[PDB]
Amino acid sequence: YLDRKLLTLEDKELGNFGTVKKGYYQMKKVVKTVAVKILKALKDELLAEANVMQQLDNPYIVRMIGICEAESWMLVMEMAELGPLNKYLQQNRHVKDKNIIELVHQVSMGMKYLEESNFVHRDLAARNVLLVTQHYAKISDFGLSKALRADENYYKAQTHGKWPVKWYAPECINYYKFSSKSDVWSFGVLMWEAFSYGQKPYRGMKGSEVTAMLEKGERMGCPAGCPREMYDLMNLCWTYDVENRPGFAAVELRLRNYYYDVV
């Protein structure tokens, strides 16, 4: 646990869990710049999110510093100063396609780690990818994440809150089953987002209309300027049948070979 007197918070909001604030945390002889999730049943969720983060250790996943019991419960994390990927790309339209390939490949490496560790993320979107630099992305926001049982390859949802339906695979919507393959679908949407410079997917559509469109075999179009091979990978990620859709090992390898082949 973290001592509250060693933590200082700026009061400007960076971002229903509550708010995210920037702060500084004195660690031995220095200060560390931190991002802090502040709580506005809900106590258990933050401590659950912290318990998932504590278990993960990978260069493409945000590192948690610790939790802080003070005026409210707080999850203290290493600050990713460039912020959410979607917003960055909205404000930086000059970013080159090789640079976007590099960043989504990094997300796929982090997700391959998550899949090996038998964790489902359940909220994989461009808003939950954080940029440490313009060439270094990290996955964050493990508020819906679950550690799968040793003998199971999906989490069965009981709790039916407000879901990020536009990022969810058909099996999550129709049967409430969330697997790593379900995260691969989300990853496809994240890729569409990245090459669309942070535009919202399925613009102006209700979740129910998105579900109808997908059942017809329809999918989002190729974003302007997107390499063909990356649009193709998006379509593979959006394979309707779970057994036919690739896992993250296959997805990361495809991105890795394509990225390394760029001249």
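Note that residue numbering begins at 1 and tracks the sequence as displayed. The term rigid core refers to the maximal set of C-alpha atoms that superpose within 1.5 Å between the two forms.
Notebook entry, point to check: Looking at C-alpha RMS in 9 other deposited structures of this protein with the core superposed, is it 225-233 or 30-38 that drifts more?
Noted result: Stretch with the higher C-alpha RMS distance in 9 other deposited structures of this protein: 30-38.
Next item on the list: Consider 252-260 and 1-9 separately and indicate which one has Cα atoms farther, on average, from the shown form in 9 other deposited structures of this protein after rigid core alignment.
Entry: More C-alpha displacement in 9 other deposited structures of this protein shows up in 1-9.
Item checked: Gap at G161 across at least one third of the other PDB entries -> Yes, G161 lacks coordinates in at least a third of the other compared entries that model both of its neighbours.
Item checked: Residues of the deposited sequence left unbuilt between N16 and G15 -> The entry has a short gap there, with 1 to 3 residues left out between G15 and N16.
Notebook entry, point to check: Residues with no coordinates between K40 and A41 in the deposited sequence, how many: none, 1 to 3, 4 to 9, or 10 or more?
Noted result: In the deposited sequence, 4 to 9 residues between these two have no coordinates.
Item checked: Mean C-alpha B-factor comparison - 168-176 and 67-75, higher one -> The recorded data point to 67-75.
Next item on the list: Return whichever of 233-241 and 24-32 has the greater mean Cα B factor according to the PDB record.
Entry: Between 24-32 and 233-241, it is 24-32 that shows the higher mean C-alpha B-factor.
Check: Highest Cα B-factor in the PDB entry belongs to which of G217, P59, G225, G198?
Finding: That would be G225, according to the entry.
Note to self: Looking at the C-alpha B-factor values in the deposited entry, which of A194, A212, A48, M205 comes out highest?
What the structure shows: Reading the PDB entry, the winner on C-alpha B-factor is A48.
Next item on the list: Name the third of the chain's ranked CA B-factors that contains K98, choosing lowest, middle or highest.
Entry: Its C-alpha B-factor, which the entry lists for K98, ranks in the middle third among residues of this chain.
Item checked: CA B-factor ranking of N118, expressed as a third of its chain -> It falls in the middle third of the chain.
Next item on the list: Tell me, lowest, middle or highest third: where does the Cα B factor of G110 rank within its chain?
Entry: Its C-alpha B-factor belongs to the lowest third of this chain's values.
Notebook entry, point to check: Once the chain's modelled residues are ordered by C-alpha B factor and cut into thirds, is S145 in the lowest, middle or highest one?
Noted result: Middle third - that is where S145 ends up once the chain's C-alpha B-factors are sorted.
Item checked: Chain thirds of CA B-factor: placement of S186 -> Answer is lowest: the recorded C-alpha B-factor places it there.
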